[PDB]
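Asks: A single structure is presented below for examination.
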Protein chains: 6
Amino acid sequence: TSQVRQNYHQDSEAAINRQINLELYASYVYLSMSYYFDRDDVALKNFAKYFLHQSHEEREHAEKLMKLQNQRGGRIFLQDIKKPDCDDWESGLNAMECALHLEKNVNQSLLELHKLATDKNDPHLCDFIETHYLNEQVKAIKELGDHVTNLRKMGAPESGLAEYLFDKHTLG
Amino acid sequence: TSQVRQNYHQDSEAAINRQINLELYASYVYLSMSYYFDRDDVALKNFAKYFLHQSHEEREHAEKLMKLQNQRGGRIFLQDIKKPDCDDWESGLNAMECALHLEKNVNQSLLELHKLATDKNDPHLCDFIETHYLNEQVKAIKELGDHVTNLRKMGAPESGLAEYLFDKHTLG
Amino acid sequence: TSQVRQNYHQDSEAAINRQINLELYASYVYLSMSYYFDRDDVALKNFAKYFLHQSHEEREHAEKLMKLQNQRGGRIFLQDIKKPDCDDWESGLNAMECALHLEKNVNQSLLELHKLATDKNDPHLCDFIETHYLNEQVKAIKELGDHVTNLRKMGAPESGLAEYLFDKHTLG
Amino acid sequence: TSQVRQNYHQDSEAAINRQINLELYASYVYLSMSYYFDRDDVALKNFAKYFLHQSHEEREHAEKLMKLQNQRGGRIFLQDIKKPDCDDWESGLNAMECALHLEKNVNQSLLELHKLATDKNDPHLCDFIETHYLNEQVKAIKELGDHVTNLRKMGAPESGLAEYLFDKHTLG
Amino acid sequence: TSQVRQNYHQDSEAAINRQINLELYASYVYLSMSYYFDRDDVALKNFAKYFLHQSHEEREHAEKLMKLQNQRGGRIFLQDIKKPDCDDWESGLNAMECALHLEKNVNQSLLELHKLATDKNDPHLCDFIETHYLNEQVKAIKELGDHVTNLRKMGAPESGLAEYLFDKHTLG
Amino acid sequence: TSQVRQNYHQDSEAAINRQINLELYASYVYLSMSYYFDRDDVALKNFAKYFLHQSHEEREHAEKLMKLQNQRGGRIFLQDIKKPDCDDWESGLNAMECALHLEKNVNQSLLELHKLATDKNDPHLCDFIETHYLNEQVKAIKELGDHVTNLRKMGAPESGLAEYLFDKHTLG
Ligand code: NA
Ligand code: NA
Ligand code: NA
Ligand code: NA
Ligand code: NA
Ligand code: NA
Ligand code: NA
Ligand code: NA
Ligand code: NA
Ligand code: NA
Ligand code: NA
Ligand code: NA
Ligand code: NA
Ligand code: NA
Ligand code: NA
Ligand code: NA
Ligand code: NA
Ligand code: NA
Ligand code: NA
Ligand SMILES: [Zn+2]
Ligand SMILES: [Zn+2]
Ligand SMILES: [Zn+2]
Ligand SMILES: [Zn+2]
Ligand SMILES: [Zn+2]
Ligand SMILES: [Zn+2]
Ligand SMILES: [Zn+2]
Ligand SMILES: [Zn+2]
Ligand SMILES: [Zn+2]
Ligand SMILES: [Zn+2]
Ligand SMILES: [Zn+2]
Ligand SMILES: [Zn+2]
Ligand SMILES: [Zn+2]
Ligand SMILES: [Zn+2]
Ligand SMILES: [Zn+2]
Ligand SMILES: [Zn+2]
Ligand SMILES: [Zn+2]
Ligand SMILES: [Zn+2]
Ligand SMILES: [Zn+2]
Ligand SMILES: [Zn+2]
Ligand SMILES: [Zn+2]
Ligand SMILES: [Zn+2]
Ligand SMILES: [Zn+2]
Ligand SMILES: [Zn+2]
Ligand SMILES: [Zn+2]
Ligand SMILES: [Zn+2]
Ligand SMILES: [Zn+2]
Ligand SMILES: [Zn+2]
Ligand SMILES: [Zn+2]
Ligand SMILES: [Zn+2]
Ligand SMILES: [Zn+2]
Ligand SMILES: [Zn+2]
Ligand SMILES: [Zn+2]
Ligand SMILES: [Zn+2]
Ligand SMILES: [Zn+2]
Ligand SMILES: [Zn+2]
Ligand SMILES: [Zn+2]
Ligand SMILES: [Zn+2]
Ligand SMILES: [Zn+2]
Ligand SMILES: [Zn+2]
Ligand SMILES: [Zn+2]
Ligand SMILES: [Zn+2]
Ligand SMILES: [Zn+2]
Ligand SMILES: [Zn+2]
Ligand SMILES: [Zn+2]
Ligand SMILES: [Zn+2]
Ligand SMILES: [Zn+2]
Ligand SMILES: [Zn+2]
Ligand SMILES: [Zn+2]
Ligand SMILES: [Zn+2]
Ligand SMILES: [Zn+2]
Ligand SMILES: [Zn+2]
Ligand SMILES: [Zn+2]
Ligand SMILES: [Zn+2]
Ligand SMILES: [Zn+2]
Ligand SMILES: [Zn+2]
Ligand SMILES: [Zn+2]
Ligand SMILES: [Zn+2]
Ligand SMILES: [Zn+2]
Ligand SMILES: [Zn+2]
Ligand SMILES: [Zn+2]
Ligand SMILES: [Zn+2]
Ligand SMILES: [Zn+2]
């Protein structure tokens with residue numbers, strides 16, 4: 001046992017390792033999207049910038065969970081990072097909808113993690129999740145929902161002018 | 001023979017003179033395009049600014065090749081600069097497509113020049129082409145491809161609103 | 001075919017995709033090492049900082065290759081990022097030796113990539129590899145070799161004082 | 001007819017197009033001279049700088065005429081830019097004498113243009129020529145005449161010391 | 001074998017050691033020239049300054065090759081630095097001509113080195129030579145050729161006034 | 001005879017030329033040592049920096065003697081610079097001991113030079129040696145003796161930790 005470990009259940013340690021893999025996977029998905037919008041036949045540079053920033057943020061989320069795992073005396077066990085579901089993300093609206101679905105999946109995983117921490121009476125882990133992850137997820141989901149709403153109302157994906165102007169005025 | 005000449009093949013010297021003429025011709029094409037967009041019945045000032053900047057850049061490319069020719073002890077032999085293929089460039093999208101075709105032609109000439117320099121075992125000339133011309137061409141081709149993609153997706157040339165907004169938001 | 005693609009062989013495109021995966025894998029290996037040294041029972045914070053910086057650098061290498069792939073009109077195809085070979089890196093000296101082995105493997109892959117680009121007469125890709133990857137690899141290998149030499153001469157891994165002082169004075 | 005065209009005769013439009021070609025030709029002549037003095041066997045860097053500056057100035061003169069053509073609703077029609085009469089300009093004094101002859105030819109063309117504009121009762125075009133071209137030509141001719149006088153009096157072209165010191169003290 | 005050595009042929013290592021000796025020899029030649037022009041019976045202080053700067057630059061070239069040798073895991077083997085061919089360099093023009101001959105000899109050695117690196121498929125060494133040595137040599141040869149041309153045209157070596165004024169106005 | 005020569009014996013001139021060669025040789029020895037410590041299997045960067053600085057200082061000593069030779073109307077006669085006695089300097093302590101031996105040899109040569117200048121009643125040369133060389137040598141010998149003492153007392157060369165810490169704390 002680690003000399004620092006206290007009130008840290010093995011189930012919580014395993015769930016944190018699963019969350020680390022999920023955040024790394026999300027970072028990879030966002031990287032894939034970013035460079036889709038960098039293609040010469042897509043060419044939406046602010047969509048590309050937006051998703052690259054999301055990718056870097058998800059990497060930071062994963063690293064913060066790894067730091068937590070070490071702080072509590074758990075042991076990090078890394079797994080393969082699976083490739084994203086798509087190479088071709090088809091449009092700015094479709095990528096935003098996929099990002100929204102992904103963020104809601106990550107939020108569900110975080111809520112299950114919080115439930116596990118409550119069940120194991122680990123208030124430090126509960127507070128960690130609440131303080132660093134839950135409101136960030138709610139804000140991200142709300143922002144993506146707003147983006148989807150605006151793109152749909154402007155006429156995307158059938159209006160390329162819509163995605164061009166959204167790229168310039170909302171993401172620029 | 002020039003007192004500085006060393007490892008500089010006559011075929012390389014001739015190919016550099018041909019490249020000088022090609023860069024001057026490209027500068028002239030871009031000048032023609034720029035002042036097409038300055039016409040009162042076209043009136044896209046940022047298209048005009050974009051192509052004028054390209055014209056000045058191509059003039060600089062030609063002057064750098066002339067400097068190279070003198071550095072290596074070759075002798076510059078100038079030829080007529082032929083007039084561009086068009087007086088009327090018809091639309092922002094058509095001009096961008098013509099610019100893309102022109103840049104790919106210049107890139108092909110530069111690749112043939114690099115092949116000749118390799119065949120003559122002239123590493124200084126190979127490095128000159130790689131360092132000053134090849135990535136510049138790849139970047140220019142990628143930028144023009146992006147512009148064509150965006151103009152097509154916004155509805156150009158049939159949408160004059162598309163070219164107006166592209167002029168304002170991408171080229172402005 | 002992409003409207004920008006010119007002198008870009010399908011074999012080169014595939015090799016660039018393989019190199020992207022290798023750089024992402026190296027980033028993951030370095031991330032694993034970094035958080036190994038963050039463990040309470042290892043507790044070498046400057047080793048952790050060193051390998052985290054390497055991880056971020058490898059991520060940048062991968063992103064630059066993705067940008068290249070799009071610049072040339074190739075299409076990025078991502079694959080799973082395999083988990084690193086070890087969870088437990090055993091000592092600062094062992095991690096440095098593993099990093100050296102990894103960097104030499106990456107360098108070998110880059111040399112094979114350069115040979116392929118030469119064989120396909122792609123001077124832009126050759127220059128890209130030379131300018132952005134080859135000397136970086138040589139410098140990284142030399143630095144890691146120096147670190148291994150110093151750690152061995154100070155008495156690592158059997159002297160924990162050696163790794164402590166190396167962490168403070170070389171990596172701090 | 002252009003919506004802006006007013007009091008702009010077709011003969012004036014044609015004469016402006018001819019003047020554009022003449023200014024571009026003069027720019028090319030000066031470019032040729034500049035890089036003649038950049039040769040290792042000539043090596044007068046301030047002569048080279050002087051004629052390169054003249055080349056850029058003539059390009060600006062041509063562009064101002066193109067802007068005028070569009071302002072008045074005329075249509076620019078470009079022609080081939082003929083190569084200069086010489087590859088080898090033989091000496092600083094000979095190049096200065098050729099430049100003087102060229103500037104006097106351009107001035108004669110501008111005077112014929114002004115006569116045509118007067119004959120067509122186009123006071124805007126007359127004023128344009130007077131304000132932007134006539135005194136510039138007189139100043140250029142006077143400066144070149146001064147340079148020729150000084151080079152002749154110092155002993156050029158037979159005294160290479162004369163051209164060296166003129167390059168240093170007048171053109172430096 | 002060195003722990004860092006990878007794709008570094010023994011022939012390349014030997015050729016780098018020969019190039020190190022050649023650069024040190026060139027530094028010595030330039031030192032000899034510099035202090036020739038410092039003699040009371042020669043007394044051209046800017047010629048002396050010019051060649052002293054060249055001597056220091058050649059020393060830096062040699063040190064950069066030694067750094068390369070260590071970076072690649074080769075082993076530096078130093079040899080005697082032979083004394084220069086002359087104690088008495090006879091005139092500014094003669095010294096400049098000797099410097100030009102020396103720089104062309106060094107350039108030939110560098111071209112043979114690049115050919116060897118290409119033959120051994122060592123792209124890092126090829127790029128090192130191209131990036132740090134080849135254009136520097138071309139520039140140095142062009143500058144020395146210009147100096148020789150100007151000194152000859154001003155009347156050197158028979159005109160001591162020529163060398164005096166060249167010392168003041170070109171090298172000052 | 002030189003127009004400036006006064007009270008400058010031919011024996012003194014010869015001895016100054018020998019001292020020039022000795023200082024250049026010492027510079028070469030220190031250069032060899034510096035790049036020994038730059039090897040990946042030695043990797044003591046502050047030892048390398050220390051000896052490179054010594055090499056540059058010895059080059060300056062030689063140049064000051066050449067300036068003296070010209071000031072007094074003597075004529076510089078350069079000789080081959082012999083390669084150093086070792087390629088492999090074996091340890092920081094061994095290199096410091098070799099440097100101490102070298103500096104004492106140079107000091108002995110300078111003392112013989114001063115004795116010769118006294119015997120020839122050349123007070124300017126005596127003062128030159130005293131002012132620029134003798135105390136510099138005493139200081140260098142004392143510093144090297146201190147370094148040897150400290151390295152021996154810390155346990156070098158058998159303790160690689162000793163040389164590492166000396167490199168960090170005394171030479172850093
Ligand atoms: Na993907
Ligand atoms: Na979901
Ligand atoms: Na849910
Ligand atoms: Na045209
Ligand atoms: Na084309
Ligand atoms: Na092609
Ligand atoms: Na680009
Ligand atoms: Na791992
Ligand atoms: Na390896
Ligand atoms: Na290998
Ligand atoms: Na010409
Ligand atoms: Na005339
Ligand atoms: Na006239
Ligand atoms: Na000599
Ligand atoms: Na030669
Ligand atoms: Na040669
Ligand atoms: Na040696
Ligand atoms: Na001694
Ligand atoms: Na003694
Ligand atoms: Zn669990
Ligand atoms: Zn954008
Ligand atoms: Zn990040
Ligand atoms: Zn974050
Ligand atoms: Zn996240
Ligand atoms: Zn821990
Ligand atoms: Zn912590
Ligand atoms: Zn665990
Ligand atoms: Zn693990
Ligand atoms: Zn998968
Ligand atoms: Zn040819
Ligand atoms: Zn505008
Ligand atoms: Zn320009
Ligand atoms: Zn340019
Ligand atoms: Zn160009
Ligand atoms: Zn030349
Ligand atoms: Zn030049
Ligand atoms: Zn020619
Ligand atoms: Zn010509
Ligand atoms: Zn034509
Ligand atoms: Zn392949
Ligand atoms: Zn620390
Ligand atoms: Zn990064
Ligand atoms: Zn990086
Ligand atoms: Zn990498
Ligand atoms: Zn693309
Ligand atoms: Zn790009
Ligand atoms: Zn592909
Ligand atoms: Zn993919
Ligand atoms: Zn795996
Ligand atoms: Zn290169
Ligand atoms: Zn200490
Ligand atoms: Zn007319
Ligand atoms: Zn000059
Ligand atoms: Zn201009
Ligand atoms: Zn002007
Ligand atoms: Zn003009
Ligand atoms: Zn108009
Ligand atoms: Zn206007
Ligand atoms: Zn017209
Ligand atoms: Zn036209
Ligand atoms: Zn012609
Ligand atoms: Zn060899
Ligand atoms: Zn002077
Ligand atoms: Zn130096
Ligand atoms: Zn240098
Ligand atoms: Zn050199
Ligand atoms: Zn080494
Ligand atoms: Zn190094
Ligand atoms: Zn060797
Ligand atoms: Zn040696
Ligand atoms: Zn000799
Ligand atoms: Zn003596
Ligand atoms: Zn150090
Ligand atoms: Zn020095
Ligand atoms: Zn000194
Ligand atoms: Zn000394
Ligand atoms: Zn003297
Ligand atoms: Zn003096
Ligand atoms: Zn003597
Ligand atoms: Zn000598
Ligand atoms: Zn020897
Ligand atoms: Zn005294």
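Ligands are numbered from 1 in the order shown, chains are lettered A, B, ... in the order of the structure tokens, and residues start at 1 in each chain.
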Would you mind listing the residues within 6 Å of ligand 33, counting only C-alpha atoms and all ligand atoms, as a list in words?

Replies: residues 57, 58, 60 and 61 of chain B

Asks: Take the residues that were just selected and, keeping N, CA, C and O atoms, output them as a PDB file, in the first residue's frame.

Replies:
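Written out: part.pdb:
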```
ATOM      1  N   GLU B  57       5.342  39.754 -54.639  1.00  0.00           N
ATOM      2  CA  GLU B  57       6.086  38.593 -54.154  1.00  0.00           C
ATOM      3  C   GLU B  57       6.757  37.841 -55.297  1.00  0.00           C
ATOM      4  O   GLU B  57       7.896  37.378 -55.163  1.00  0.00           O
ATOM      5  N   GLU B  58       6.063  37.681 -56.423  1.00  0.00           N
ATOM      6  CA  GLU B  58       6.677  36.972 -57.542  1.00  0.00           C
ATOM      7  C   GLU B  58       7.849  37.764 -58.102  1.00  0.00           C
ATOM      8  O   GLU B  58       8.859  37.183 -58.525  1.00  0.00           O
ATOM      9  N   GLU B  60       9.817  39.518 -56.314  1.00  0.00           N
ATOM     10  CA  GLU B  60      10.916  39.218 -55.401  1.00  0.00           C
ATOM     11  C   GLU B  60      11.509  37.837 -55.661  1.00  0.00           C
ATOM     12  O   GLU B  60      12.727  37.649 -55.553  1.00  0.00           O
ATOM     13  N   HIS B  61      10.662  36.857 -55.976  1.00  0.00           N
ATOM     14  CA  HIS B  61      11.170  35.527 -56.311  1.00  0.00           C
ATOM     15  C   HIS B  61      12.112  35.593 -57.503  1.00  0.00           C
ATOM     16  O   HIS B  61      13.189  34.970 -57.515  1.00  0.00           O
TER      17      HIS B  61
END
```

Asks: Please, which residues have at least one atom within 10 Å of an atom of ligand 65, using only C-alpha atoms and all ligand atoms, listed as a list in words?

Replies: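 Residues lying within 10 Å of ligand 65: residues 53, 54, 55, 56, 57, 58, 59, 60, 61, 62, 63, 64, 132, 133 and 136 of chain E.
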
Asks: Atom CA of residue 167 of chain A and atom CA of residue 44 of chain A are how many Å apart?

Replies: 6.6 Å

Asks: As a quick test: using only C-alpha atoms and all ligand atoms, which residues lie no more than 9 Å away from ligand 81? Give them as a VMD selection string.

Replies: (chain E and resid 79 to 81) or (chain F and resid 80 to 85)

Asks: Using only C-alpha atoms and a cut-off of 6 Å, which residues of chain B sit close to chain A? Please list them as a PyMOL selection string.

Replies: chain B and resi 145-146+149+153-154

Asks: Mind giving me the straight-line distance from atom CA of residue 91 of chain C to atom CA of residue 157 of chain C in Å, one decimal?

Replies: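 Between these atoms lies a distance of 6.2 Å.
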
Asks: Counting only C-alpha atoms and all ligand atoms, which protein, DNA or RNA residues come within 8 Å of ligand 36, given as number ranges by chain?

Replies: B: 67-68, 70-71; D: 38; E: 139, 142-143

Asks: The selected residues should be written to file as a JSON list (two decimals), in the first residue's frame (atoms: N, CA and C atoms).

Replies:
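Listing of result.json after writing:
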```json
[["chain", "number", "residue", "atom", "x", "y", "z"],
["B", 67, "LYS", "N", 19.85, 37.08, -58.27],
["B", 67, "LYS", "CA", 20.95, 37.16, -57.31],
["B", 67, "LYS", "C", 21.69, 35.83, -57.24],
["B", 68, "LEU", "N", 20.96, 34.72, -57.22],
["B", 68, "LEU", "CA", 21.59, 33.40, -57.23],
["B", 68, "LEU", "C", 22.44, 33.21, -58.47],
["B", 70, "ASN", "N", 23.96, 35.36, -60.26],
["B", 70, "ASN", "CA", 25.22, 36.09, -60.15],
["B", 70, "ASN", "C", 26.13, 35.50, -59.09],
["B", 71, "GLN", "N", 25.56, 35.00, -57.99],
["B", 71, "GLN", "CA", 26.37, 34.43, -56.92],
["B", 71, "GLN", "C", 27.17, 33.23, -57.42],
["D", 38, "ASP", "N", 25.70, 43.81, -60.34],
["D", 38, "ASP", "CA", 25.83, 42.80, -59.31],
["D", 38, "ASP", "C", 26.75, 41.65, -59.74],
["E", 139, "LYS", "N", 28.79, 32.53, -50.64],
["E", 139, "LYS", "CA", 28.82, 33.95, -50.31],
["E", 139, "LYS", "C", 30.24, 34.45, -50.14],
["E", 142, "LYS", "N", 31.89, 34.73, -53.56],
["E", 142, "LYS", "CA", 31.38, 35.88, -54.30],
["E", 142, "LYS", "C", 31.95, 37.19, -53.76],
["E", 143, "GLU", "N", 32.03, 37.31, -52.43],
["E", 143, "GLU", "CA", 32.58, 38.53, -51.85],
["E", 143, "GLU", "C", 34.05, 38.70, -52.21]]
```

Asks: Please list as a tab-separated table (two decimals) with C-alpha atoms, in the first residue's frame every residue within 8 Å of residue 48 of chain B, counting only C-alpha atoms and excluding residues in the same chain fewer than 4 positions away.

Replies:
```
chain	number	residue	atom	x	y	z
B	33	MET	CA	-5.66	40.16	-61.99
B	34	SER	CA	-5.19	42.84	-59.36
B	35	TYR	CA	-6.23	45.61	-61.66
B	36	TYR	CA	-9.13	43.57	-62.98
B	37	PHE	CA	-10.60	43.65	-59.49
B	38	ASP	CA	-9.97	47.42	-59.36
B	44	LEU	CA	-13.51	44.01	-55.06
B	52	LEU	CA	-1.11	42.93	-56.06
```

Asks: Nearest residue to ligand 4 out of B:4, B:95, B:141, B:65, using only C-alpha atoms and all ligand atoms?

Replies: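 Using only C-alpha atoms and all ligand atoms, ligand 4 sits closest to B:95.
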
Asks: Among segment 18-167 of chain C, which residues does DSSP mark as helix (DSSP H, G or I) when it is run on the backbone? Keep the chain and numbering as in the structure and answer as a VMD selection string.

Replies: chain C and resid 18 to 37 45 to 71 92 to 119 123 to 154 160 to 167

Asks: Give me, as a PyMOL selection string, the set of residues whose atoms come within 8 Å of any atom of ligand 60, counting only C-alpha atoms and all ligand atoms.

Replies: (chain B and resi 32+83-84+86-88) or (chain D and resi 76-79)

Asks: List the spatial neighbours of residue 114 of chain C as a VMD selection string - criterion: any atom at most 9 Å away, only C-alpha atoms, same-chain residues fewer than 6 positions off excluded.

Replies: (chain C and resid 125 to 127 129 to 130) or (chain E and resid 123)

Asks: Could you write out the selected residues, including N, CA and C atoms, as an mmCIF file, in the first residue's frame?

Replies:
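Output contents, as saved in selection-v3.cif:
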```cif
data_model
loop_
_atom_site.group_PDB
_atom_site.id
_atom_site.type_symbol
_atom_site.label_atom_id
_atom_site.label_comp_id
_atom_site.auth_asym_id
_atom_site.auth_seq_id
_atom_site.Cartn_x
_atom_site.Cartn_y
_atom_site.Cartn_z
ATOM 1 N N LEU C 125 9.161 16.955 -49.302
ATOM 2 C CA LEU C 125 9.047 16.088 -48.134
ATOM 3 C C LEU C 125 10.416 15.787 -47.528
ATOM 4 N N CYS C 126 11.425 15.572 -48.375
ATOM 5 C CA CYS C 126 12.783 15.385 -47.870
ATOM 6 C C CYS C 126 13.223 16.580 -47.042
ATOM 7 N N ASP C 127 13.011 17.785 -47.572
ATOM 8 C CA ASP C 127 13.406 18.990 -46.858
ATOM 9 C C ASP C 127 12.609 19.156 -45.573
ATOM 10 N N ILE C 129 11.440 16.771 -43.646
ATOM 11 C CA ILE C 129 12.001 15.848 -42.663
ATOM 12 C C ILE C 129 13.343 16.362 -42.154
ATOM 13 N N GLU C 130 14.205 16.815 -43.066
ATOM 14 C CA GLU C 130 15.519 17.300 -42.649
ATOM 15 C C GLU C 130 15.403 18.515 -41.742
ATOM 16 N N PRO E 123 21.284 11.626 -44.476
ATOM 17 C CA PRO E 123 20.627 12.910 -44.747
ATOM 18 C C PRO E 123 20.873 13.954 -43.679
#
```
